[PDB]
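Form deposited in one PDB entry, single chain, as structure tokens, below.
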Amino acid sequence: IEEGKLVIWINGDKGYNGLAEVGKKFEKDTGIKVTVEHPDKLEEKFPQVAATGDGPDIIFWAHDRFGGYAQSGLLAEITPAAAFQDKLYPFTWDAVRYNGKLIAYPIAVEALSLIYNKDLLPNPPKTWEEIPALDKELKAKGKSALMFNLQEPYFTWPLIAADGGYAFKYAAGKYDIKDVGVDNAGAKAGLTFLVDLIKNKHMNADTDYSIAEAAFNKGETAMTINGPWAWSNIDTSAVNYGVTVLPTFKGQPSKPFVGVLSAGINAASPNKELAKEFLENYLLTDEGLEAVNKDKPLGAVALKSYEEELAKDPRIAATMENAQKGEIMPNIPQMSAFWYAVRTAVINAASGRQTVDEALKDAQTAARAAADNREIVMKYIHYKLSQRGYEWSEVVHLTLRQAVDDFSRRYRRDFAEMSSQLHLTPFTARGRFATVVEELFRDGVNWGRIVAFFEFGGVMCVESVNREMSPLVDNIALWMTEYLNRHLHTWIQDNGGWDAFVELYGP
């Protein structure tokens, strides 16, 4: 990373040209050049370059991914003065607090809202229950009432959780990844109404984001559920649209997941002092957010001064109101298990493979099982790193401990050749893991090849620390946990579970 310059990454759906004007003004006053870039899939590319102590000085993304960045050690801790913290809404600072430390600057507050075509529907519906009768009237005119992305649970969650569902319980400065709140009567009521809409032919089950967006922007549907990142495309379609509070369900408000667009500073950047000055003194100002906002809308903003003026726009007041009625999105990589489990529950309940009550009950069991598989992966990687001097029933953990130790000892000559020939880069790390794991289980699954599965991820975690790519260990731990949840768990339970592993290997 070049010292004396500021390289900034931000997604293309944001006002990156407005941010470039703020950097241009910063360059005139400091002599420090600010280069703003908008790479494709920067949320995947940032952990790769930052693992080798490289990449942008500043990254813009939602707060939920910054938890994984902070735990990896990719983001530097920010320490704003108390006079500057009072300028941002305190809940936005909460979304960027991890292990009791602030790891990002909050910028904008993103949340889903109800977007309606005023020409097709001058008065939008205030309740979900009156939507079916509305679709019937619009169907006679060749239009549907509501289309939105049904494939991602992020968009269906406002309705599902409106009557009491929650993703993870939060306590003691951490999320409880075993206390999942999808198995409740409220969520089953929300998922039932969603399935009823599909089975009554009010929505198509395979509608995704692009299908819904194109349908609303062309006037084919009266309403949609989307965030401020889509307002720019509706503007160019000339659809006279309004943005309002999400409909209520059983008299209870829809609670969407709240996302805090946040600016993190690379922990390897040599210009952290400059990045803090640019973020606090230039961007996080009324004039700085306005420059970005006028390029592309941010929705609600964390800066109280500029949010008070933006709230005059009904679209932004609705976004803030829908955010206040929602909940902050958990900022942990375990949400991938939550999303994966909930998505299957919705897919299966809509298709009819299982009941709504069974789908959410199984999704809660699957989420709790993922936490248990993570426990096995983490406890092994901690032991392997501790052997090398590095720092990061319980019988199964000590059984696997003896199994991997024996495997490494019996094939130590082979592990020495592998480690010396291994060329590990964050760009090619995911490919090497996927290729090897495929070869391990290509001809079937047994306990011996599962022990080898753990030991391979272990040596990749140790070799990552050696090549000064320590944050890559959290990515490998995530891949091992994913493969254990989605592939090996079918074989493990069918062959006696982990209790059969301690029966063959244990004492």
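Numbering starts at 1 and runs along the sequence shown. For clarity, a rigid core is taken as the largest C-alpha set superposing within 1.5 Å between two forms.
- Gap check for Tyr383 to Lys384: zero deposited residues are absent from the model.
- In this crystal structure, the stretch out of 208-216 and 117-125 whose C-alpha atoms carry the higher mean B factor is 117-125.
- Annotation for 172-180 versus 90-98: the higher mean temperature factor (C-alpha) is found in 172-180.
- Comparing the C-alpha B-factors of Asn149, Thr425, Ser262, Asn322 in the entry, the top value falls on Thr425.
- Annotation for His38: C-alpha temperature factor in the middle third relative to the rest of the modelled chain, per the entry.
- The entry lists a Cα temperature factor for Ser470 that places it in the highest third of the chain's modelled residues.
- Sorting the modelled residues of the chain by their CA temperature factor places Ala371 in the middle third.
- Residue-level temperature factors show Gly389 in the highest third of its chain, judged at the C-alpha atom.
- Sort the chain's modelled residues by C-alpha temperature factor and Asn240 lands in the middle third, per the entry.
The discussion below concerns the form deposited in another entry, not included here.
- Fit the rigid core and compare the CA positions between the shown form and the other one: of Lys294, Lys272, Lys379, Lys143, just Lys143 moves by 2 angstroms or more.
- With the core held fixed, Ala212 shows a CA shift of 2 Å or greater between the shown form and the other one.
- Comparing the forms between the shown form and the other one on their rigid core, the Cα displacement of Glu468 reaches 2 Å or more.
- Fitting the two forms on the rigid core leaves the C-alpha of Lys312 displaced by under 2 angstroms between the shown form and the other one.
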